[PDB]
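> File follows, upload_26.pdb with PDB, C-alpha atoms:
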```
ATOM      1  CA  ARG Q 190       3.483 -18.708  -1.725  1.00  0.00           C
ATOM      2  CA  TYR Q 191       5.701 -16.806   0.748  1.00  0.00           C
ATOM      3  CA  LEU Q 192       4.301 -15.213   3.955  1.00  0.00           C
ATOM      4  CA  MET Q 193       5.953 -12.424   5.963  1.00  0.00           C
ATOM      5  CA  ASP Q 194       7.505 -12.868   9.367  1.00  0.00           C
ATOM      6  CA  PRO Q 195       5.142 -11.524  12.081  1.00  0.00           C
ATOM      7  CA  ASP Q 196       7.712  -9.114  13.637  1.00  0.00           C
ATOM      8  CA  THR Q 197       8.549  -7.692  10.234  1.00  0.00           C
ATOM      9  CA  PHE Q 198       4.867  -6.901   9.704  1.00  0.00           C
ATOM     10  CA  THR Q 199       4.400  -5.433  13.149  1.00  0.00           C
ATOM     11  CA  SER Q 200       7.636  -3.434  13.079  1.00  0.00           C
ATOM     12  CA  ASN Q 201       6.943  -1.932   9.655  1.00  0.00           C
ATOM     13  CA  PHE Q 202       3.154  -1.401   9.748  1.00  0.00           C
ATOM     14  CA  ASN Q 203       3.058   0.147  13.223  1.00  0.00           C
ATOM     15  CA  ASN Q 204       1.427   3.540  12.897  1.00  0.00           C
ATOM     16  CA  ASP Q 205       2.957   5.340  15.925  1.00  0.00           C
ATOM     17  CA  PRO Q 206       3.468   8.928  14.673  1.00  0.00           C
ATOM     18  CA  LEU Q 207       6.349   9.365  17.141  1.00  0.00           C
ATOM     19  CA  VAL Q 208       8.427   6.932  15.004  1.00  0.00           C
ATOM     20  CA  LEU Q 209      10.219   8.134  11.885  1.00  0.00           C
ATOM     21  CA  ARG Q 210      10.548   4.819  10.007  1.00  0.00           C
ATOM     22  CA  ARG Q 211      11.730   5.526   6.468  1.00  0.00           C
ATOM     23  CA  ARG Q 212      14.509   2.921   5.923  1.00  0.00           C
ATOM     24  CA  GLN Q 213      12.265   0.243   4.413  1.00  0.00           C
ATOM     25  CA  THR Q 214       8.890   0.233   2.705  1.00  0.00           C
ATOM     26  CA  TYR Q 215       6.783  -2.974   2.615  1.00  0.00           C
ATOM     27  CA  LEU Q 216       4.018  -3.061  -0.010  1.00  0.00           C
ATOM     28  CA  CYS Q 217       1.473  -5.901   0.101  1.00  0.00           C
ATOM     29  CA  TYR Q 218      -0.427  -6.176  -3.201  1.00  0.00           C
ATOM     30  CA  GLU Q 219      -3.473  -7.847  -4.650  1.00  0.00           C
ATOM     31  CA  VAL Q 220      -5.003  -7.483  -8.086  1.00  0.00           C
ATOM     32  CA  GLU Q 221      -8.667  -8.105  -8.848  1.00  0.00           C
ATOM     33  CA  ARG Q 222     -10.623  -8.154 -12.098  1.00  0.00           C
ATOM     34  CA  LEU Q 223     -13.844  -6.141 -12.022  1.00  0.00           C
ATOM     35  CA  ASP Q 224     -16.500  -8.170 -13.823  1.00  0.00           C
ATOM     36  CA  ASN Q 225     -20.068  -9.467 -13.370  1.00  0.00           C
ATOM     37  CA  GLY Q 226     -20.462  -6.700 -10.797  1.00  0.00           C
ATOM     38  CA  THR Q 227     -18.176  -8.581  -8.434  1.00  0.00           C
ATOM     39  CA  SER Q 228     -14.404  -8.706  -7.996  1.00  0.00           C
ATOM     40  CA  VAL Q 229     -12.277 -11.687  -9.037  1.00  0.00           C
ATOM     41  CA  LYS Q 230      -8.941 -12.384  -7.387  1.00  0.00           C
ATOM     42  CA  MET Q 231      -5.878 -14.382  -8.465  1.00  0.00           C
ATOM     43  CA  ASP Q 232      -3.507 -15.880  -5.891  1.00  0.00           C
ATOM     44  CA  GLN Q 233      -0.479 -15.570  -8.174  1.00  0.00           C
ATOM     45  CA  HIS Q 234      -1.458 -11.907  -8.330  1.00  0.00           C
ATOM     46  CA  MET Q 235      -0.871 -11.395  -4.574  1.00  0.00           C
ATOM     47  CA  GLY Q 236       2.344 -10.913  -2.673  1.00  0.00           C
ATOM     48  CA  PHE Q 237       4.576  -8.358  -0.959  1.00  0.00           C
ATOM     49  CA  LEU Q 238       7.711  -6.457  -1.899  1.00  0.00           C
ATOM     50  CA  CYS Q 239      10.234  -4.334  -0.055  1.00  0.00           C
ATOM     51  CA  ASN Q 240      12.830  -1.872  -1.307  1.00  0.00           C
ATOM     52  CA  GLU Q 241      15.808  -3.777  -2.707  1.00  0.00           C
ATOM     53  CA  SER Q 250      19.030  -1.867  -3.272  1.00  0.00           C
ATOM     54  CA  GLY Q 251      17.788   1.607  -3.944  1.00  0.00           C
ATOM     55  CA  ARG Q 252      14.808   0.448  -6.026  1.00  0.00           C
ATOM     56  CA  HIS Q 253      11.671   1.413  -4.106  1.00  0.00           C
ATOM     57  CA  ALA Q 254       8.974  -1.186  -3.497  1.00  0.00           C
ATOM     58  CA  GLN Q 255       6.455   0.868  -5.535  1.00  0.00           C
ATOM     59  CA  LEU Q 256       8.794   0.749  -8.531  1.00  0.00           C
ATOM     60  CA  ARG Q 257       9.370  -2.972  -7.982  1.00  0.00           C
ATOM     61  CA  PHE Q 258       5.653  -3.501  -8.212  1.00  0.00           C
ATOM     62  CA  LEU Q 259       5.552  -1.611 -11.525  1.00  0.00           C
ATOM     63  CA  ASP Q 260       8.395  -3.770 -12.866  1.00  0.00           C
ATOM     64  CA  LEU Q 261       6.354  -6.951 -12.310  1.00  0.00           C
ATOM     65  CA  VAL Q 262       3.186  -5.673 -14.041  1.00  0.00           C
ATOM     66  CA  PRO Q 263       4.068  -7.407 -17.380  1.00  0.00           C
ATOM     67  CA  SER Q 264       4.467 -10.723 -15.561  1.00  0.00           C
ATOM     68  CA  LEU Q 265       0.857 -10.203 -14.447  1.00  0.00           C
ATOM     69  CA  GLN Q 266      -0.299 -10.509 -18.077  1.00  0.00           C
ATOM     70  CA  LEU Q 267      -3.279  -8.233 -17.582  1.00  0.00           C
ATOM     71  CA  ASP Q 268      -5.850  -8.438 -20.373  1.00  0.00           C
ATOM     72  CA  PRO Q 269      -5.825  -4.817 -21.614  1.00  0.00           C
ATOM     73  CA  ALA Q 270      -9.484  -5.248 -22.524  1.00  0.00           C
ATOM     74  CA  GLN Q 271     -10.533  -5.689 -18.868  1.00  0.00           C
ATOM     75  CA  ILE Q 272     -10.644  -3.437 -15.799  1.00  0.00           C
ATOM     76  CA  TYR Q 273      -8.477  -4.306 -12.817  1.00  0.00           C
ATOM     77  CA  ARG Q 274      -8.205  -2.875  -9.340  1.00  0.00           C
ATOM     78  CA  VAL Q 275      -4.733  -3.060  -7.800  1.00  0.00           C
ATOM     79  CA  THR Q 276      -4.698  -2.613  -4.041  1.00  0.00           C
ATOM     80  CA  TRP Q 277      -1.540  -1.770  -2.138  1.00  0.00           C
ATOM     81  CA  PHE Q 278      -1.283  -2.018   1.643  1.00  0.00           C
ATOM     82  CA  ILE Q 279       1.924   0.006   2.164  1.00  0.00           C
ATOM     83  CA  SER Q 280       3.798   0.722   5.356  1.00  0.00           C
ATOM     84  CA  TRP Q 281       4.128   4.446   4.445  1.00  0.00           C
ATOM     85  CA  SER Q 282       3.481   6.824   1.569  1.00  0.00           C
ATOM     86  CA  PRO Q 283       4.182   8.711  -0.509  1.00  0.00           C
ATOM     87  CA  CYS Q 284       7.378   7.263  -2.018  1.00  0.00           C
ATOM     88  CA  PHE Q 285      10.107   9.571  -0.736  1.00  0.00           C
ATOM     89  CA  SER Q 286      12.279   9.968  -3.833  1.00  0.00           C
ATOM     90  CA  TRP Q 287      11.622  12.611  -6.467  1.00  0.00           C
ATOM     91  CA  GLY Q 288       9.681  11.469  -9.505  1.00  0.00           C
ATOM     92  CA  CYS Q 289       9.028   8.024  -8.006  1.00  0.00           C
ATOM     93  CA  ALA Q 290       5.403   9.152  -7.635  1.00  0.00           C
ATOM     94  CA  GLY Q 291       5.849  10.516 -11.160  1.00  0.00           C
ATOM     95  CA  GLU Q 292       6.637   6.994 -12.351  1.00  0.00           C
ATOM     96  CA  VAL Q 293       3.467   5.780 -10.632  1.00  0.00           C
ATOM     97  CA  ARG Q 294       1.522   8.705 -12.105  1.00  0.00           C
ATOM     98  CA  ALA Q 295       2.870   7.840 -15.562  1.00  0.00           C
ATOM     99  CA  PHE Q 296       1.991   4.171 -15.222  1.00  0.00           C
ATOM    100  CA  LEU Q 297      -1.571   5.165 -14.394  1.00  0.00           C
ATOM    101  CA  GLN Q 298      -1.737   7.495 -17.412  1.00  0.00           C
ATOM    102  CA  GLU Q 299      -0.565   4.749 -19.794  1.00  0.00           C
ATOM    103  CA  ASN Q 300      -2.641   1.937 -18.219  1.00  0.00           C
ATOM    104  CA  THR Q 301      -6.098   3.462 -17.990  1.00  0.00           C
ATOM    105  CA  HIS Q 302      -7.706   0.041 -17.489  1.00  0.00           C
ATOM    106  CA  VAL Q 303      -5.977  -0.203 -14.085  1.00  0.00           C
ATOM    107  CA  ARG Q 304      -7.354   1.451 -10.947  1.00  0.00           C
ATOM    108  CA  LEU Q 305      -4.973   1.792  -8.036  1.00  0.00           C
ATOM    109  CA  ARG Q 306      -6.077   1.839  -4.400  1.00  0.00           C
ATOM    110  CA  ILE Q 307      -3.348   2.769  -1.914  1.00  0.00           C
ATOM    111  CA  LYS Q 308      -3.984   1.988   1.786  1.00  0.00           C
ATOM    112  CA  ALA Q 309      -1.069   3.386   3.790  1.00  0.00           C
ATOM    113  CA  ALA Q 310      -0.293   2.561   7.384  1.00  0.00           C
ATOM    114  CA  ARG Q 311       0.932   6.160   7.731  1.00  0.00           C
ATOM    115  CA  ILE Q 312       1.972   9.304   5.877  1.00  0.00           C
ATOM    116  CA  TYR Q 313       4.530  11.987   6.733  1.00  0.00           C
ATOM    117  CA  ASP Q 314       3.141  15.510   6.224  1.00  0.00           C
ATOM    118  CA  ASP Q 315       6.138  17.714   5.459  1.00  0.00           C
ATOM    119  CA  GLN Q 316       3.947  20.592   4.274  1.00  0.00           C
ATOM    120  CA  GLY Q 317       5.900  20.378   1.017  1.00  0.00           C
ATOM    121  CA  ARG Q 318       6.996  17.668  -1.423  1.00  0.00           C
ATOM    122  CA  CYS Q 319       5.057  14.965   0.441  1.00  0.00           C
ATOM    123  CA  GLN Q 320       1.725  16.832   0.170  1.00  0.00           C
ATOM    124  CA  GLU Q 321       2.348  17.620  -3.496  1.00  0.00           C
ATOM    125  CA  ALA Q 322       3.188  13.959  -4.248  1.00  0.00           C
ATOM    126  CA  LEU Q 323       0.013  12.715  -2.551  1.00  0.00           C
ATOM    127  CA  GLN Q 324      -2.051  15.244  -4.498  1.00  0.00           C
ATOM    128  CA  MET Q 325      -0.443  14.186  -7.767  1.00  0.00           C
ATOM    129  CA  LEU Q 326      -1.289  10.536  -7.033  1.00  0.00           C
ATOM    130  CA  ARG Q 327      -4.890  11.547  -6.414  1.00  0.00           C
ATOM    131  CA  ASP Q 328      -4.879  13.605  -9.588  1.00  0.00           C
ATOM    132  CA  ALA Q 329      -3.738  10.638 -11.638  1.00  0.00           C
ATOM    133  CA  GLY Q 330      -6.747   8.672 -10.322  1.00  0.00           C
ATOM    134  CA  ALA Q 331      -5.294   6.737  -7.375  1.00  0.00           C
ATOM    135  CA  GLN Q 332      -7.536   6.397  -4.302  1.00  0.00           C
ATOM    136  CA  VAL Q 333      -5.364   6.869  -1.235  1.00  0.00           C
ATOM    137  CA  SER Q 334      -6.483   6.248   2.320  1.00  0.00           C
ATOM    138  CA  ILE Q 335      -5.053   5.398   5.725  1.00  0.00           C
ATOM    139  CA  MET Q 336      -5.181   1.840   7.036  1.00  0.00           C
ATOM    140  CA  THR Q 337      -7.664   1.095   9.806  1.00  0.00           C
ATOM    141  CA  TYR Q 338      -7.884  -1.854  12.198  1.00  0.00           C
ATOM    142  CA  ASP Q 339      -9.784  -3.813   9.544  1.00  0.00           C
ATOM    143  CA  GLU Q 340      -7.016  -3.455   7.026  1.00  0.00           C
ATOM    144  CA  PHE Q 341      -4.177  -4.234   9.459  1.00  0.00           C
ATOM    145  CA  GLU Q 342      -6.079  -7.335  10.509  1.00  0.00           C
ATOM    146  CA  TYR Q 343      -6.734  -8.262   6.897  1.00  0.00           C
ATOM    147  CA  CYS Q 344      -3.044  -7.967   6.071  1.00  0.00           C
ATOM    148  CA  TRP Q 345      -2.168  -9.984   9.170  1.00  0.00           C
ATOM    149  CA  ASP Q 346      -4.589 -12.692   8.085  1.00  0.00           C
ATOM    150  CA  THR Q 347      -3.530 -12.576   4.443  1.00  0.00           C
ATOM    151  CA  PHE Q 348       0.177 -11.875   4.114  1.00  0.00           C
ATOM    152  CA  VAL Q 349       1.766 -12.882   7.439  1.00  0.00           C
ATOM    153  CA  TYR Q 350       3.069 -16.223   8.695  1.00  0.00           C
ATOM    154  CA  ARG Q 351       0.809 -16.086  11.747  1.00  0.00           C
ATOM    155  CA  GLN Q 352       0.319 -19.826  12.442  1.00  0.00           C
ATOM    156  CA  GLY Q 353      -3.347 -19.361  13.340  1.00  0.00           C
ATOM    157  CA  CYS Q 354      -2.598 -16.537  15.836  1.00  0.00           C
ATOM    158  CA  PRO Q 355      -5.121 -13.691  15.745  1.00  0.00           C
ATOM    159  CA  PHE Q 356      -4.144 -10.135  15.068  1.00  0.00           C
ATOM    160  CA  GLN Q 357      -2.994  -8.398  18.263  1.00  0.00           C
ATOM    161  CA  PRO Q 358      -3.294  -4.583  17.904  1.00  0.00           C
ATOM    162  CA  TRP Q 359      -0.640  -2.324  19.355  1.00  0.00           C
ATOM    163  CA  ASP Q 360      -1.516   0.453  21.805  1.00  0.00           C
ATOM    164  CA  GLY Q 361      -3.056   3.466  20.095  1.00  0.00           C
ATOM    165  CA  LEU Q 362      -3.664   1.787  16.722  1.00  0.00           C
ATOM    166  CA  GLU Q 363      -7.177   3.193  16.286  1.00  0.00           C
ATOM    167  CA  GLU Q 364      -6.365   6.661  17.661  1.00  0.00           C
ATOM    168  CA  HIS Q 365      -3.321   6.953  15.480  1.00  0.00           C
ATOM    169  CA  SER Q 366      -5.183   5.699  12.389  1.00  0.00           C
ATOM    170  CA  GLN Q 367      -7.956   8.223  12.839  1.00  0.00           C
ATOM    171  CA  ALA Q 368      -5.472  11.100  13.372  1.00  0.00           C
ATOM    172  CA  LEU Q 369      -3.504  10.162  10.263  1.00  0.00           C
ATOM    173  CA  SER Q 370      -6.724   9.702   8.263  1.00  0.00           C
ATOM    174  CA  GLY Q 371      -7.835  13.228   9.250  1.00  0.00           C
ATOM    175  CA  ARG Q 372      -4.608  14.675   7.934  1.00  0.00           C
ATOM    176  CA  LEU Q 373      -4.546  12.697   4.723  1.00  0.00           C
ATOM    177  CA  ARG Q 374      -8.101  13.723   4.022  1.00  0.00           C
ATOM    178  CA  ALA Q 375      -7.235  17.345   4.637  1.00  0.00           C
ATOM    179  CA  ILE Q 376      -4.346  17.127   2.225  1.00  0.00           C
ATOM    180  CA  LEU Q 377      -6.457  15.439  -0.453  1.00  0.00           C
ATOM    181  CA  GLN Q 378      -9.697  17.422   0.018  1.00  0.00           C
ATOM    182  CA  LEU Q 379     -10.920  18.478  -3.405  1.00  0.00           C
TER     183      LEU Q 379
END
```
Using the file provided, produce a representation of the structure as structure tokens.


Amino acid sequence: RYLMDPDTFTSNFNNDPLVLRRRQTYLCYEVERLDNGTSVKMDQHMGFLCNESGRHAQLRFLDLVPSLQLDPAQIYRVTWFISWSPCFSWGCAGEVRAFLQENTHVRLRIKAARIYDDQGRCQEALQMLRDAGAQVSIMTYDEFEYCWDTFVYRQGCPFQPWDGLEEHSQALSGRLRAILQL
């Protein structure tokens, strides 16, 4: 099971708002079955994806859903830890929205390291994700450290936060919440 290089993680998940990092998107994913009150994980149902040749990571996750062989009779929670949202292209959120409409046994939780508020398409795309049932939030220390511990080739090294991580996360979270306020 393949683990990310540590500089790739740090370079892509850094939440400095003064950086406009839109070239790549890294999406770390885990799928759990909701049963017996608890959650049940599957290690072959965890991994990470980047954009590959114009096909956004979010779309690459949707392409591998069949290979997950989800029992349509059960409820599943898919979590994404994604370096930024929402997916920039037009209708790429629409493809996510559509997948959620056709797979009503799947609940999608999106934890983004950052968002880019353009006061336009970006806000509308985030709202449409919410409206299709996704739960979108901004990553905090706990989630960066989880992803470090879970997806990165860290060789026993502990997570080392960058300067401003918590301040930046709280500022982004405030703005996402404002956008998504019902």

> Pick out the closest residue to residue Q:324 from this set: Q:198, Q:213, Q:376, Q:285. Count all atoms listed in the file.

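Counting all atoms listed in the file, the residue closest to residue Q:324 is Q:376.
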
> What are the centre and the three edge lengths of an axis-aligned box that wraps all atoms of stretch 200-214 of chain Q in the file, given that 8 Å is added to every side, written as lines of an AutoDock Vina configuration file and rounded to one decimal in Å?


```
center_x = 8.0
center_y = 3.0
center_z = 9.9
size_x = 29.1
size_y = 28.8
size_z = 30.4
```

> Evaluating the PyMOL selection byres ((chain Q and resi 295) around 12) on the displayed file yields which residues, as a count of residues only?

21

> In Å, with one decimal, what is the gap from atom CA of residue Q:220 to atom CA of residue Q:379?

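Rounded to one decimal, the two atoms are 27.0 Å apart.
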
> Could you list, as a PyMOL selection string, every residue matched by the PyMOL selection byres ((chain Q and resi 229) around 12) in this structure?

chain Q and resi 219-228+230-232+234+271-275

> Could you write those residues out with C-alpha atoms, as a PDB file, in the frame of the given file?


```pdb
ATOM      1  CA  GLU Q 219      -3.473  -7.847  -4.650  1.00  0.00           C
ATOM      2  CA  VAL Q 220      -5.003  -7.483  -8.086  1.00  0.00           C
ATOM      3  CA  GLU Q 221      -8.667  -8.105  -8.848  1.00  0.00           C
ATOM      4  CA  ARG Q 222     -10.623  -8.154 -12.098  1.00  0.00           C
ATOM      5  CA  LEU Q 223     -13.844  -6.141 -12.022  1.00  0.00           C
ATOM      6  CA  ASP Q 224     -16.500  -8.170 -13.823  1.00  0.00           C
ATOM      7  CA  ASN Q 225     -20.068  -9.467 -13.370  1.00  0.00           C
ATOM      8  CA  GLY Q 226     -20.462  -6.700 -10.797  1.00  0.00           C
ATOM      9  CA  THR Q 227     -18.176  -8.581  -8.434  1.00  0.00           C
ATOM     10  CA  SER Q 228     -14.404  -8.706  -7.996  1.00  0.00           C
ATOM     11  CA  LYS Q 230      -8.941 -12.384  -7.387  1.00  0.00           C
ATOM     12  CA  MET Q 231      -5.878 -14.382  -8.465  1.00  0.00           C
ATOM     13  CA  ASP Q 232      -3.507 -15.880  -5.891  1.00  0.00           C
ATOM     14  CA  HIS Q 234      -1.458 -11.907  -8.330  1.00  0.00           C
ATOM     15  CA  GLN Q 271     -10.533  -5.689 -18.868  1.00  0.00           C
ATOM     16  CA  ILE Q 272     -10.644  -3.437 -15.799  1.00  0.00           C
ATOM     17  CA  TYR Q 273      -8.477  -4.306 -12.817  1.00  0.00           C
ATOM     18  CA  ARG Q 274      -8.205  -2.875  -9.340  1.00  0.00           C
ATOM     19  CA  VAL Q 275      -4.733  -3.060  -7.800  1.00  0.00           C
TER      20      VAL Q 275
END
```

> Please report the interatomic distance between atom CA of residue Q:190 and atom CA of residue Q:349 in Å with one decimal.

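Separation between atom CA of residue Q:190 and atom CA of residue Q:349: 11.0 Å.
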
> With all atoms listed in the file as the atoms that count, which of Q:253, Q:202, Q:211, Q:217 lies nearest to residue Q:348?

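Counting all atoms listed in the file, the residue closest to residue Q:348 is Q:217.
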
> Select, from Q:333, Q:323, Q:310, Q:262, the residue with the minimum atom-to-atom distance to residue Q:362, counting all atoms listed in the file.

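Using all atoms listed in the file, residue Q:362 sits closest to Q:310.
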
> How would you write, as a VMD selection string, the residues chosen by the PyMOL selection byres ((chain Q and resi 340) around 12) on this structure?

chain Q and resid 202 217 276 to 280 307 to 310 334 to 339 341 to 348 356 358 362 to 363 366

> Quick one: distance from atom CA of residue Q:314 to atom CA of residue Q:204 in Å, one decimal?

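The value is 13.8 Å.
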
> Could you pull the residues within 10 Å of residue Q:254, counting only C-alpha atoms, minus those fewer than 4 positions along the same chain, as a short mmCIF file (atom, residue, chain, number, x, y, z; two decimals) with C-alpha atoms, in the coordinates of the input?


```cif
data_model
loop_
_atom_site.label_atom_id
_atom_site.label_comp_id
_atom_site.auth_asym_id
_atom_site.auth_seq_id
_atom_site.Cartn_x
_atom_site.Cartn_y
_atom_site.Cartn_z
CA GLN Q 213 12.26 0.24 4.41
CA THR Q 214 8.89 0.23 2.70
CA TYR Q 215 6.78 -2.97 2.62
CA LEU Q 216 4.02 -3.06 -0.01
CA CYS Q 217 1.47 -5.90 0.10
CA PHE Q 237 4.58 -8.36 -0.96
CA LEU Q 238 7.71 -6.46 -1.90
CA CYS Q 239 10.23 -4.33 -0.06
CA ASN Q 240 12.83 -1.87 -1.31
CA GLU Q 241 15.81 -3.78 -2.71
CA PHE Q 258 5.65 -3.50 -8.21
CA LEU Q 259 5.55 -1.61 -11.52
CA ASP Q 260 8.40 -3.77 -12.87
CA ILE Q 279 1.92 0.01 2.16
CA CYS Q 284 7.38 7.26 -2.02
#
```

> Set the distance at 8 Å and use only C-alpha atoms: which residues neighbour residue Q:206 once local chain neighbours fewer than 2 positions away are removed? I'd like the list as a list in words.

residues 204, 208, 209, 311 and 365 of chain Q

> When distances are computed from only C-alpha atoms, which of Q:370, Q:352, Q:332, Q:233 shows the smallest separation from residue Q:264?

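For residue Q:264, the nearest of the candidates is Q:233.
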
> Which residue, Q:303, Q:378, Q:283, Q:194, has the smallest gap to residue Q:318 when you use all atoms listed in the file?

Q:283
